[PDB]
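Visitor: Below you'll find query.json; it's JSON, N, CA and C atoms.
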```json
[["chain", "number", "residue", "atom", "x", "y", "z"],
["A", 161, "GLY", "N", -18.92, -64.69, 19.32],
["A", 161, "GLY", "CA", -17.91, -64.54, 20.35],
["A", 161, "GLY", "C", -18.47, -64.76, 21.75],
["A", 162, "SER", "N", -18.46, -63.71, 22.56],
["A", 162, "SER", "CA", -18.96, -63.79, 23.92],
["A", 162, "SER", "C", -19.69, -62.51, 24.31],
["A", 163, "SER", "N", -21.01, -62.61, 24.47],
["A", 163, "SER", "CA", -21.83, -61.46, 24.84],
["A", 163, "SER", "C", -22.90, -61.85, 25.85],
["A", 164, "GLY", "N", -23.34, -60.88, 26.64],
["A", 164, "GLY", "CA", -24.36, -61.15, 27.64],
["A", 164, "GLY", "C", -24.47, -60.04, 28.67],
["A", 165, "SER", "N", -24.96, -58.88, 28.25],
["A", 165, "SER", "CA", -25.11, -57.74, 29.15],
["A", 165, "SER", "C", -26.58, -57.36, 29.30],
["A", 166, "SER", "N", -27.05, -57.36, 30.54],
["A", 166, "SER", "CA", -28.44, -57.02, 30.83],
["A", 166, "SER", "C", -28.67, -55.52, 30.67],
["A", 167, "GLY", "N", -27.82, -54.72, 31.30],
["A", 167, "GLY", "CA", -27.94, -53.28, 31.21],
["A", 167, "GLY", "C", -29.38, -52.81, 31.35],
["A", 168, "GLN", "N", -29.92, -52.91, 32.56],
["A", 168, "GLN", "CA", -31.30, -52.50, 32.81],
["A", 168, "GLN", "C", -31.35, -51.07, 33.34],
["A", 169, "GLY", "N", -30.55, -50.79, 34.35],
["A", 169, "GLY", "CA", -30.52, -49.46, 34.93],
["A", 169, "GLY", "C", -30.05, -48.41, 33.94],
["A", 170, "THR", "N", -29.95, -47.16, 34.40],
["A", 170, "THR", "CA", -29.51, -46.07, 33.55],
["A", 170, "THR", "C", -28.25, -46.44, 32.78],
["A", 171, "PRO", "N", -28.15, -45.96, 31.53],
["A", 171, "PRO", "CA", -27.00, -46.22, 30.66],
["A", 171, "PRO", "C", -25.74, -45.51, 31.14],
["A", 172, "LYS", "N", -25.03, -46.13, 32.08],
["A", 172, "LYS", "CA", -23.81, -45.55, 32.62],
["A", 172, "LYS", "C", -22.65, -45.73, 31.65],
["A", 173, "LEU", "N", -21.78, -44.73, 31.58],
["A", 173, "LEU", "CA", -20.63, -44.78, 30.69],
["A", 173, "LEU", "C", -19.33, -44.62, 31.47],
["A", 174, "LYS", "N", -18.25, -45.17, 30.93],
["A", 174, "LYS", "CA", -16.94, -45.10, 31.57],
["A", 174, "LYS", "C", -16.01, -44.16, 30.81],
["A", 175, "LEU", "N", -15.51, -43.14, 31.50],
["A", 175, "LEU", "CA", -14.61, -42.17, 30.89],
["A", 175, "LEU", "C", -13.16, -42.44, 31.30],
["A", 176, "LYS", "N", -12.35, -42.84, 30.33],
["A", 176, "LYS", "CA", -10.94, -43.13, 30.59],
["A", 176, "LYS", "C", -10.04, -42.31, 29.67],
["A", 177, "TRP", "N", -8.99, -41.74, 30.24],
["A", 177, "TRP", "CA", -8.05, -40.93, 29.46],
["A", 177, "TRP", "C", -6.61, -41.24, 29.86],
["A", 178, "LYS", "N", -5.67, -40.87, 29.00],
["A", 178, "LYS", "CA", -4.26, -41.10, 29.26],
["A", 178, "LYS", "C", -3.75, -40.19, 30.38],
["A", 179, "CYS", "N", -3.28, -40.80, 31.46],
["A", 179, "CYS", "CA", -2.76, -40.05, 32.60],
["A", 179, "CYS", "C", -1.43, -40.62, 33.08],
["A", 180, "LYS", "N", -0.56, -39.75, 33.57],
["A", 180, "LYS", "CA", 0.75, -40.17, 34.06],
["A", 180, "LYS", "C", 0.61, -40.95, 35.36],
["A", 181, "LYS", "N", 1.69, -41.62, 35.76],
["A", 181, "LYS", "CA", 1.70, -42.41, 36.99],
["A", 181, "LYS", "C", 1.25, -41.56, 38.18],
["A", 182, "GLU", "N", 0.96, -42.23, 39.29],
["A", 182, "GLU", "CA", 0.52, -41.53, 40.50],
["A", 182, "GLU", "C", 1.22, -40.19, 40.64],
["A", 183, "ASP", "N", 0.58, -39.14, 40.14],
["A", 183, "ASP", "CA", 1.14, -37.79, 40.21],
["A", 183, "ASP", "C", 0.08, -36.78, 40.63],
["A", 184, "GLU", "N", 0.53, -35.60, 41.05],
["A", 184, "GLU", "CA", -0.38, -34.55, 41.48],
["A", 184, "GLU", "C", -1.09, -33.92, 40.29],
["A", 185, "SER", "N", -0.59, -34.19, 39.09],
["A", 185, "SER", "CA", -1.17, -33.65, 37.87],
["A", 185, "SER", "C", -2.22, -34.60, 37.30],
["A", 186, "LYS", "N", -3.40, -34.06, 37.00],
["A", 186, "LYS", "CA", -4.49, -34.86, 36.45],
["A", 186, "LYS", "C", -4.20, -35.24, 35.00],
["A", 187, "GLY", "N", -3.92, -34.24, 34.17],
["A", 187, "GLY", "CA", -3.63, -34.50, 32.77],
["A", 187, "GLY", "C", -4.21, -33.45, 31.86],
["A", 188, "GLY", "N", -5.53, -33.29, 31.91],
["A", 188, "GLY", "CA", -6.20, -32.31, 31.07],
["A", 188, "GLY", "C", -7.71, -32.39, 31.17],
["A", 189, "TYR", "N", -8.20, -32.78, 32.34],
["A", 189, "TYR", "CA", -9.64, -32.91, 32.56],
["A", 189, "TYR", "C", -9.97, -32.81, 34.05],
["A", 190, "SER", "N", -11.26, -32.85, 34.36],
["A", 190, "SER", "CA", -11.72, -32.77, 35.74],
["A", 190, "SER", "C", -13.22, -33.01, 35.84],
["A", 191, "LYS", "N", -13.65, -33.55, 36.97],
["A", 191, "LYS", "CA", -15.07, -33.83, 37.19],
["A", 191, "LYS", "C", -15.94, -32.76, 36.55],
["A", 192, "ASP", "N", -15.56, -31.51, 36.73],
["A", 192, "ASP", "CA", -16.31, -30.39, 36.16],
["A", 192, "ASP", "C", -16.26, -30.42, 34.64],
["A", 193, "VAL", "N", -15.07, -30.18, 34.08],
["A", 193, "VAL", "CA", -14.89, -30.18, 32.64],
["A", 193, "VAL", "C", -15.72, -31.28, 31.98],
["A", 194, "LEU", "N", -15.53, -32.51, 32.45],
["A", 194, "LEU", "CA", -16.26, -33.65, 31.90],
["A", 194, "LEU", "C", -17.76, -33.50, 32.13],
["A", 195, "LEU", "N", -18.13, -32.99, 33.30],
["A", 195, "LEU", "CA", -19.53, -32.79, 33.64],
["A", 195, "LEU", "C", -20.20, -31.84, 32.65],
["A", 196, "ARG", "N", -19.56, -30.71, 32.41],
["A", 196, "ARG", "CA", -20.09, -29.72, 31.48],
["A", 196, "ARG", "C", -20.08, -30.24, 30.05],
["A", 197, "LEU", "N", -19.10, -31.09, 29.75],
["A", 197, "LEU", "CA", -18.98, -31.67, 28.41],
["A", 197, "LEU", "C", -20.18, -32.55, 28.08],
["A", 198, "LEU", "N", -20.66, -33.29, 29.07],
["A", 198, "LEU", "CA", -21.81, -34.17, 28.89],
["A", 198, "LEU", "C", -23.11, -33.41, 29.09],
["A", 199, "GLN", "N", -23.17, -32.61, 30.15],
["A", 199, "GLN", "CA", -24.36, -31.83, 30.46],
["A", 199, "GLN", "C", -25.04, -31.35, 29.18],
["A", 200, "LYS", "N", -24.29, -30.66, 28.34],
["A", 200, "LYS", "CA", -24.82, -30.15, 27.08],
["A", 200, "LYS", "C", -25.63, -31.22, 26.35],
["A", 201, "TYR", "N", -25.06, -32.42, 26.26],
["A", 201, "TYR", "CA", -25.73, -33.53, 25.59],
["A", 201, "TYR", "C", -26.88, -34.06, 26.44],
["A", 202, "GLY", "N", -26.59, -34.40, 27.69],
["A", 202, "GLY", "CA", -27.61, -34.92, 28.58],
["A", 202, "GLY", "C", -27.31, -34.63, 30.04],
["A", 203, "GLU", "N", -28.35, -34.61, 30.86],
["A", 203, "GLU", "CA", -28.19, -34.34, 32.28],
["A", 203, "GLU", "C", -27.39, -35.45, 32.96],
["A", 204, "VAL", "N", -26.34, -35.06, 33.67],
["A", 204, "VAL", "CA", -25.49, -36.02, 34.37],
["A", 204, "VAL", "C", -25.99, -36.26, 35.79],
["A", 205, "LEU", "N", -26.86, -37.25, 35.95],
["A", 205, "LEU", "CA", -27.41, -37.58, 37.25],
["A", 205, "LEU", "C", -26.30, -37.79, 38.28],
["A", 206, "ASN", "N", -25.34, -38.65, 37.94],
["A", 206, "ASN", "CA", -24.22, -38.93, 38.83],
["A", 206, "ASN", "C", -22.92, -39.07, 38.04],
["A", 207, "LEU", "N", -21.85, -38.49, 38.56],
["A", 207, "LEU", "CA", -20.55, -38.55, 37.91],
["A", 207, "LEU", "C", -19.46, -38.94, 38.91],
["A", 208, "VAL", "N", -19.09, -40.21, 38.91],
["A", 208, "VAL", "CA", -18.06, -40.71, 39.81],
["A", 208, "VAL", "C", -16.74, -40.92, 39.07],
["A", 209, "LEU", "N", -15.64, -40.91, 39.82],
["A", 209, "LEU", "CA", -14.32, -41.09, 39.24],
["A", 209, "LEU", "C", -13.63, -42.32, 39.83],
["A", 210, "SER", "N", -12.79, -42.96, 39.03],
["A", 210, "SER", "CA", -12.07, -44.15, 39.47],
["A", 210, "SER", "C", -10.71, -43.78, 40.06],
["A", 211, "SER", "N", -10.48, -44.16, 41.31],
["A", 211, "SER", "CA", -9.23, -43.86, 41.98],
["A", 211, "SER", "C", -8.21, -44.98, 41.77],
["A", 212, "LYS", "N", -8.70, -46.21, 41.73],
["A", 212, "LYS", "CA", -7.84, -47.37, 41.52],
["A", 212, "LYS", "C", -6.78, -47.08, 40.47],
["A", 213, "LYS", "N", -7.23, -46.72, 39.27],
["A", 213, "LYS", "CA", -6.32, -46.41, 38.18],
["A", 213, "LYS", "C", -6.45, -44.95, 37.75],
["A", 214, "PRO", "N", -5.32, -44.33, 37.41],
["A", 214, "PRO", "CA", -5.28, -42.93, 36.97],
["A", 214, "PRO", "C", -5.92, -42.73, 35.60],
["A", 215, "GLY", "N", -6.64, -41.62, 35.44],
["A", 215, "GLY", "CA", -7.29, -41.33, 34.17],
["A", 215, "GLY", "C", -8.45, -42.26, 33.90],
["A", 216, "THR", "N", -9.29, -42.48, 34.91],
["A", 216, "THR", "CA", -10.44, -43.36, 34.77],
["A", 216, "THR", "C", -11.62, -42.86, 35.60],
["A", 217, "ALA", "N", -12.81, -42.94, 35.03],
["A", 217, "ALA", "CA", -14.02, -42.50, 35.72],
["A", 217, "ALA", "C", -15.27, -43.11, 35.09],
["A", 218, "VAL", "N", -16.42, -42.88, 35.72],
["A", 218, "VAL", "CA", -17.68, -43.40, 35.22],
["A", 218, "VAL", "C", -18.81, -42.40, 35.41],
["A", 219, "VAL", "N", -19.48, -42.05, 34.31],
["A", 219, "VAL", "CA", -20.58, -41.10, 34.36],
["A", 219, "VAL", "C", -21.92, -41.81, 34.28],
["A", 220, "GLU", "N", -22.95, -41.19, 34.85],
["A", 220, "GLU", "CA", -24.29, -41.77, 34.85],
["A", 220, "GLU", "C", -25.28, -40.84, 34.15],
["A", 221, "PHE", "N", -25.81, -41.30, 33.02],
["A", 221, "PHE", "CA", -26.77, -40.51, 32.25],
["A", 221, "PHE", "C", -28.20, -40.84, 32.66],
["A", 222, "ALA", "N", -29.14, -40.04, 32.18],
["A", 222, "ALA", "CA", -30.55, -40.25, 32.49],
["A", 222, "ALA", "C", -31.30, -40.84, 31.30],
["A", 223, "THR", "N", -30.76, -40.62, 30.10],
["A", 223, "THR", "CA", -31.38, -41.13, 28.88],
["A", 223, "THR", "C", -30.35, -41.82, 28.00],
["A", 224, "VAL", "N", -30.84, -42.64, 27.07],
["A", 224, "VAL", "CA", -29.96, -43.36, 26.15],
["A", 224, "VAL", "C", -29.47, -42.45, 25.03],
["A", 225, "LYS", "N", -30.36, -41.60, 24.54],
["A", 225, "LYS", "CA", -30.01, -40.67, 23.46],
["A", 225, "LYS", "C", -28.75, -39.89, 23.81],
["A", 226, "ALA", "N", -28.81, -39.13, 24.90],
["A", 226, "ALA", "CA", -27.67, -38.34, 25.34],
["A", 226, "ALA", "C", -26.41, -39.19, 25.43],
["A", 227, "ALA", "N", -26.49, -40.28, 26.17],
["A", 227, "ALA", "CA", -25.35, -41.18, 26.34],
["A", 227, "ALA", "C", -24.66, -41.45, 25.00],
["A", 228, "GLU", "N", -25.42, -41.99, 24.05],
["A", 228, "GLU", "CA", -24.88, -42.30, 22.73],
["A", 228, "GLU", "C", -24.15, -41.09, 22.15],
["A", 229, "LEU", "N", -24.86, -39.97, 22.05],
["A", 229, "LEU", "CA", -24.28, -38.75, 21.51],
["A", 229, "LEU", "C", -23.04, -38.34, 22.29],
["A", 230, "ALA", "N", -23.01, -38.69, 23.57],
["A", 230, "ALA", "CA", -21.88, -38.37, 24.43],
["A", 230, "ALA", "C", -20.73, -39.36, 24.22],
["A", 231, "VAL", "N", -21.02, -40.45, 23.52],
["A", 231, "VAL", "CA", -20.01, -41.47, 23.25],
["A", 231, "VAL", "C", -19.53, -41.41, 21.81],
["A", 232, "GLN", "N", -20.28, -40.69, 20.97],
["A", 232, "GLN", "CA", -19.93, -40.55, 19.57],
["A", 232, "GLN", "C", -19.39, -39.15, 19.28],
["A", 233, "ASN", "N", -20.22, -38.14, 19.52],
["A", 233, "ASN", "CA", -19.83, -36.75, 19.28],
["A", 233, "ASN", "C", -18.72, -36.33, 20.25],
["A", 234, "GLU", "N", -19.10, -36.10, 21.50],
["A", 234, "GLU", "CA", -18.14, -35.69, 22.52],
["A", 234, "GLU", "C", -16.98, -36.68, 22.61],
["A", 235, "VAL", "N", -15.79, -36.23, 22.23],
["A", 235, "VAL", "CA", -14.60, -37.07, 22.26],
["A", 235, "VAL", "C", -13.56, -36.51, 23.22],
["A", 236, "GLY", "N", -13.88, -35.38, 23.84],
["A", 236, "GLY", "CA", -12.95, -34.76, 24.77],
["A", 236, "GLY", "C", -12.22, -33.58, 24.16],
["A", 237, "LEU", "N", -10.94, -33.77, 23.87],
["A", 237, "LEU", "CA", -10.13, -32.71, 23.28],
["A", 237, "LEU", "C", -9.28, -33.25, 22.13],
["A", 238, "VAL", "N", -9.20, -32.48, 21.05],
["A", 238, "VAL", "CA", -8.43, -32.88, 19.88],
["A", 238, "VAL", "C", -7.09, -33.48, 20.29],
["A", 239, "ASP", "N", -6.35, -32.75, 21.12],
["A", 239, "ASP", "CA", -5.04, -33.22, 21.59],
["A", 239, "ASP", "C", -5.18, -34.52, 22.36],
["A", 240, "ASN", "N", -6.21, -34.61, 23.19],
["A", 240, "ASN", "CA", -6.46, -35.80, 23.99],
["A", 240, "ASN", "C", -7.90, -36.27, 23.85],
["A", 241, "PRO", "N", -8.16, -37.11, 22.84],
["A", 241, "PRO", "CA", -9.49, -37.65, 22.57],
["A", 241, "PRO", "C", -9.95, -38.64, 23.65],
["A", 242, "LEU", "N", -10.66, -38.14, 24.64],
["A", 242, "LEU", "CA", -11.15, -38.97, 25.73],
["A", 242, "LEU", "C", -11.59, -40.34, 25.21],
["A", 243, "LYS", "N", -11.51, -41.35, 26.07],
["A", 243, "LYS", "CA", -11.90, -42.70, 25.70],
["A", 243, "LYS", "C", -13.21, -43.10, 26.37],
["A", 244, "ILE", "N", -14.33, -42.72, 25.75],
["A", 244, "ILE", "CA", -15.64, -43.04, 26.29],
["A", 244, "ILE", "C", -16.12, -44.40, 25.81],
["A", 245, "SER", "N", -16.12, -45.37, 26.72],
["A", 245, "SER", "CA", -16.55, -46.73, 26.39],
["A", 245, "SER", "C", -17.82, -47.09, 27.16],
["A", 246, "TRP", "N", -18.58, -48.03, 26.61],
["A", 246, "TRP", "CA", -19.82, -48.48, 27.24],
["A", 246, "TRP", "C", -19.55, -49.59, 28.25],
["A", 247, "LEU", "N", -19.46, -49.21, 29.52],
["A", 247, "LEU", "CA", -19.21, -50.18, 30.59],
["A", 247, "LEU", "C", -20.28, -51.26, 30.61],
["A", 248, "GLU", "N", -21.54, -50.84, 30.51],
["A", 248, "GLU", "CA", -22.66, -51.78, 30.52],
["A", 248, "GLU", "C", -23.91, -51.14, 29.93],
["A", 249, "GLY", "N", -24.70, -51.94, 29.23],
["A", 249, "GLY", "CA", -25.92, -51.43, 28.62],
["A", 249, "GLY", "C", -25.66, -50.63, 27.36],
["A", 250, "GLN", "N", -25.16, -51.31, 26.33],
["A", 250, "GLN", "CA", -24.86, -50.66, 25.06],
["A", 250, "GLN", "C", -26.00, -50.84, 24.07],
["A", 251, "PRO", "N", -26.34, -49.76, 23.35],
["A", 251, "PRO", "CA", -27.42, -49.77, 22.36],
["A", 251, "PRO", "C", -27.07, -50.60, 21.13],
["A", 252, "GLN", "N", -28.02, -51.39, 20.66],
["A", 252, "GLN", "CA", -27.81, -52.23, 19.49],
["A", 252, "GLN", "C", -29.07, -52.30, 18.63],
["A", 253, "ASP", "N", -28.97, -51.82, 17.40],
["A", 253, "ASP", "CA", -30.10, -51.83, 16.48],
["A", 253, "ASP", "C", -29.63, -51.72, 15.03],
["A", 254, "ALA", "N", -30.28, -52.47, 14.14],
["A", 254, "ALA", "CA", -29.92, -52.46, 12.73],
["A", 254, "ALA", "C", -31.04, -51.85, 11.89],
["A", 255, "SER", "N", -30.70, -51.44, 10.67],
["A", 255, "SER", "CA", -31.68, -50.84, 9.77],
["A", 255, "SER", "C", -32.06, -51.81, 8.66],
["A", 256, "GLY", "N", -32.25, -53.07, 9.02],
["A", 256, "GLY", "CA", -32.62, -54.08, 8.05],
["A", 256, "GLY", "C", -33.16, -55.34, 8.69],
["A", 257, "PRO", "N", -33.58, -56.30, 7.86],
["A", 257, "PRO", "CA", -34.13, -57.58, 8.33],
["A", 257, "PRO", "C", -33.07, -58.46, 8.97],
["A", 258, "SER", "N", -33.22, -58.71, 10.27],
["A", 258, "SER", "CA", -32.27, -59.55, 11.00],
["A", 258, "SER", "C", -32.54, -61.03, 10.75],
["A", 259, "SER", "N", -31.58, -61.87, 11.12],
["A", 259, "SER", "CA", -31.71, -63.31, 10.93],
["A", 259, "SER", "C", -30.60, -64.05, 11.66],
["A", 260, "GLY", "N", -30.66, -65.38, 11.62],
["A", 260, "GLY", "CA", -29.65, -66.19, 12.28],
["A", 260, "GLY", "C", -28.37, -66.30, 11.47]]
```
Please re-express this file's structure in C-alpha cells.

Guide:
Amino acid sequence: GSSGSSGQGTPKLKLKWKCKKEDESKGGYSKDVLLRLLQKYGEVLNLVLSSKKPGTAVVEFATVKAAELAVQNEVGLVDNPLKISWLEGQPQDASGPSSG
C-alpha cells in the first residue's frame, strides 16, 4: 500500500474520543483523567489537546513500552472506549523469518 514514517523522536500518541458539537460539555474525559490513565503505564512527558476538532488530543510518552501498553491495554472507559491511535512512530516486529 503506502507507508513511510520515520518516527525518530519520542513515540507520541493521539487520543481521540466521541464528543458532541462545539459544546461546554467535554464528554467523559480530561487532561487529568487521561494523564493519570497513562501515567500508570508510562510517564507522560507532555500531554497536549487538539482544539481544532472536539474530542481530540495528543500525548507524549518517554518510552516505547509504555506507549504500546497505553495503546493496547488502556482503552479509556467501557462505555466510551477511547480511540488511541499511533500518529507517528509505530512499533513493528514479527516473531519469524521475514522476506520479500

Visitor: Compile the contact shell of residue A:199 as a ChimeraX atom specification: residues with an atom at most 12 Å away, counting only C-alpha atoms, same-chain residues fewer than 2 positions apart removed.

Guide: /A:191-197,201-207,219-223,226-227,229-230,234

Visitor: Using DSSP on the backbone coordinates, identify the residues of chain A assigned to helix (DSSP H, G or I); present them as a list in words.

Guide: residues 191, 192, 193, 194, 195, 196, 197, 198, 199, 224, 225, 226, 227, 228, 229, 230, 231 and 232 of chain A

Visitor: May I have the residues within 9 Å of residue A:182 as a PDB file with N, CA and C atoms, keeping the file's coordinate frame, using only C-alpha atoms and disregarding those fewer than 2 positions away in the same chain?

Guide:
```pdb
ATOM      1  N   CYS A 179      -3.280 -40.800  31.460  1.00  0.00           N
ATOM      2  CA  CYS A 179      -2.760 -40.050  32.600  1.00  0.00           C
ATOM      3  C   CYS A 179      -1.430 -40.620  33.080  1.00  0.00           C
ATOM      4  N   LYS A 180      -0.560 -39.750  33.570  1.00  0.00           N
ATOM      5  CA  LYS A 180       0.750 -40.170  34.060  1.00  0.00           C
ATOM      6  C   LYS A 180       0.610 -40.950  35.360  1.00  0.00           C
ATOM      7  N   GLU A 184       0.530 -35.600  41.050  1.00  0.00           N
ATOM      8  CA  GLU A 184      -0.380 -34.550  41.480  1.00  0.00           C
ATOM      9  C   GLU A 184      -1.090 -33.920  40.290  1.00  0.00           C
ATOM     10  N   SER A 185      -0.590 -34.190  39.090  1.00  0.00           N
ATOM     11  CA  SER A 185      -1.170 -33.650  37.870  1.00  0.00           C
ATOM     12  C   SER A 185      -2.220 -34.600  37.300  1.00  0.00           C
ATOM     13  N   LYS A 213      -7.230 -46.720  39.270  1.00  0.00           N
ATOM     14  CA  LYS A 213      -6.320 -46.410  38.180  1.00  0.00           C
ATOM     15  C   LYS A 213      -6.450 -44.950  37.750  1.00  0.00           C
ATOM     16  N   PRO A 214      -5.320 -44.330  37.410  1.00  0.00           N
ATOM     17  CA  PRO A 214      -5.280 -42.930  36.970  1.00  0.00           C
ATOM     18  C   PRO A 214      -5.920 -42.730  35.600  1.00  0.00           C
TER      19      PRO A 214
END
```

Visitor: Pull the strand (DSSP E) assignments for stretch 167-212 of chain A out of DSSP run on the backbone, and list those residues as a ChimeraX atom specification.

Guide: /A:172-176,204-210

Visitor: Please report the interatomic distance between atom C of residue A:178 and atom N of residue A:244 in Å with one decimal.

Guide: 11.8 Å

Visitor: Between A:255, A:224, A:176, A:260, single out the one closest to residue A:242, counting only N, CA and C atoms.

Guide: A:176

Visitor: Would you mind reading off the distance between atom CA of residue A:232 and atom CA of residue A:215, one decimal, in Å?

Guide: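 Pair atom CA of residue A:232 / atom CA of residue A:215 returns 19.3 Å.
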
Visitor: Report, in Å with one decimal, the straight-line distance from atom CA of residue A:245 to atom C of residue A:173.

Guide: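 Atom CA of residue A:245 sits 6.2 Å away from atom C of residue A:173.
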
Visitor: If you take every atom of stretch 199-212 of chain A that the file lists and fit an axis-aligned box around them with 8 Å extra on each side, what centre and edge lengths come out in Å to one decimal, as lines of an AutoDock Vina configuration file?

Guide:
```
center_x = -17.6
center_y = -38.8
center_z = 33.8
size_x = 37.6
size_y = 33.2
size_z = 32.4
```

Visitor: Here is a test: counting only C-alpha atoms, which residue of A:175, A:228, A:161, A:166 is nearest to residue A:248?

Guide: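 Closest to residue A:248, using only C-alpha atoms: A:166.
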
Visitor: Taking into account all atoms listed in the file, which residue in the set A:186, A:174, A:235, A:252 is nearest to residue A:217?

Guide: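 Nearest to residue A:217: A:174.
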
Visitor: Could you check which of A:190, A:167, A:233, A:210 is closest to residue A:247, using all atoms listed in the file?

Guide: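 Residue with the minimum atom-to-atom distance to residue A:247: A:167.
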
Visitor: With distances taken over only C-alpha atoms, which of A:181, A:211, A:254, A:249 is nearest to residue A:164?

Guide: A:249
